[PDB]
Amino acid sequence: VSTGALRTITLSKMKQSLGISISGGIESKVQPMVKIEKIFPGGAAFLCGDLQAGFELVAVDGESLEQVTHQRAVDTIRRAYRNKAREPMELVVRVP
């Protein structure tokens, strides 16, 4: 796979916790992009073998996370994961 390849990954919203920390955001000069910082046990992401820490988040449920602030990214993913009617969650990512 080439650096930064795009990949669409689906994730069920059944678990109460997404179980991920995210890092970065357009205010950051060091990490302008939003990346998965850590995947935590107990959550939904720990169960997806295609999700890894270090992936760049591009979109969630059709909502762009490109060039967004950290605050908007957190808010956008939270709203998507709590929207249980839309199942599964769709995450567009760029792999390292």
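All residue numbers are counted from 1 along the displayed sequence.
Compared with the other modelled residues of the chain, the Cα B-factor recorded for residue 42 ranks in the highest third. When the CA B factors of the chain's modelled residues are split into thirds, the value for residue 60 lands in the lowest one.
For residue 28, the recorded CA B-factor ranks within the middle third of the chain. Only modelled residues enter the ranking. When all modelled residues of the chain are sorted by CA temperature factor, residue 93 is found within the lowest third. In this PDB entry, residue 78 carries a Cα temperature factor that places it within the highest third of its chain's modelled residues.
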